[PDB]
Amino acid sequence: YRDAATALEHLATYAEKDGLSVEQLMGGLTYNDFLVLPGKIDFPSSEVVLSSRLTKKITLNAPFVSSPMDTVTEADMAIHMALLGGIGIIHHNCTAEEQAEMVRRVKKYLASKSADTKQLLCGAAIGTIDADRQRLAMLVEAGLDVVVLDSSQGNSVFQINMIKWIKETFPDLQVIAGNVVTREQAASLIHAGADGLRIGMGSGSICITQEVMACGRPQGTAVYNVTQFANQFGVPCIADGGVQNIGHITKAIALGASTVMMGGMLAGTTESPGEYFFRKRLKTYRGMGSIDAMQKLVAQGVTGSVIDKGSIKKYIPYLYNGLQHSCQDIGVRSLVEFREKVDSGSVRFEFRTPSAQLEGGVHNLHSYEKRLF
């Protein structure tokens, strides 16, 4: 046999590292279709830094964003998301007066705060019609820090003109455009002057766009191809939709996302809008393209329910600490280093067959209780 002392040296006899680079990995796959291979641990998980760029000029201490949906994010969610190092995007399924009030509630309230006034950071969504011009003006007056142009298909003349108008009218304000899933879409909205990109189409838990429009993209592939382009321009991208656990968050970032947006995961929490009901304690969770949401006609989302998840004061820290441990297993001390080591090919990946996915999950038990924390 070989001398154990030569073990590390012998690795050089191999053409490349074990596993695949991100380039080799990247068809039409998404998060559950692969794993990241473990690396070398020479630091505690507590040492892991999770600072993340939301936009060109806005950086969060945590890559967590609550989605602009009327069953996920209002003032209560936005406040506590900001307090916990993330941020919330307030929905616009409401009057411009009602939305502005929610913004004021946040602004008048690791924490995400402005550098000048020390006020909590607040985001909000708007449509791309002429009526939303006045809406935005009201939100800006309320102290809005960042606006999300809310669309399933963001590459449009209407959105492009909206971007151009905001940059001229509100230069200080940061603009996140989307949604997008292709390189060509990204270039268009980057060229328009977007400060960030929202990635995803049909990956949402409550979304059926892909079913009824035949249009969208697998989330993992969308994140890679978009960010591979957008990152060259220093435009941070939000991985929006299909996120359901800590593992999805790590993978989203690995593929180039700067932050991740969550709807269903945050739906059913105490801080979410809507009241609990019993059927088991549930809350309503619905796509904004659902008939209910649109009426509150071609639906692109559904109305459903999610079980009580408790307060995000316990859930977000779980995501935070969990993501720290994830980075540790991979052998990276920050999300910045995570990005660098992936693009350099140091971090390695591996595909997962359907059998490997079943093996990866809980299997062959009479019964079990899934207590995450």
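Numbering starts at 1 and follows the sequence shown.
#### Entry: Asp76 left out of the model in a third or more of other PDB entries
Comparison shows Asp76 kept in all of the other entries.
### Query
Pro63: absent from a third or more of the other PDB entries compared?
no, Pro63 modelled in all other entries.
### Deposited residues omitted from coordinates between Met26 and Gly27, as a class
The entry has 4 to 9 unmodelled residues between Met26 and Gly27.
### Task
Answer with none, 1 to 3, 4 to 9, or 10 or more: how many deposited residues between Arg279 and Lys280 are not present in the coordinates.
In the deposited sequence, 1 to 3 residues between these two have no coordinates.
### Task
Could you check the entry and say whether 297-305 or 222-230 has the higher mean CA B-factor?
Averaging CA B-factors over each stretch, the winner is 297-305.
### Of 62-70 and 306-314, the stretch whose C-alpha atoms average the higher B-factor in the entry
Averaged over C-alpha atoms, the B-factors run higher in 306-314.
### Query
Which has the highest CA B-factor per the PDB entry: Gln159, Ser258, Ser114, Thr182?
Comparing C-alpha B-factors across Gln159, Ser258, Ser114, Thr182, the top value belongs to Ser114.
### Message
Highest Cα temperature factor in the entry, among the options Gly268, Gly241, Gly86, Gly287: which one is it?
### Response
Max CA B-factor in the entry, restricted to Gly268, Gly241, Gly86, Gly287: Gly268.
### Message
Sorting by Cα B-factor within the chain, modelled residues only, which third would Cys207 end up in: lowest, middle or highest?
### Response
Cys207: CA B-factor falls in the highest third of its chain.
### Query
Which third, lowest, middle or highest, does the CA B-factor of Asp132 fall in along this chain?
Its C-alpha B-factor, which the entry lists for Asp132, ranks in the highest third among residues of this chain.
### Task
Ordered by C-alpha B-factor within the chain, which third holds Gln99? Give me lowest, middle or highest, please.
It belongs to the middle third of the chain when residues are ordered by C-alpha B-factor.
### Record-listed C-alpha B factor of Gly39: chain third
Tercile = lowest for this residue's CA B-factor.
### Task
Classify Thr169 as lowest, middle or highest third according to the C-alpha B-factor given in the PDB entry, relative to its own chain.
It belongs to the highest third of the chain when residues are ordered by C-alpha B-factor.
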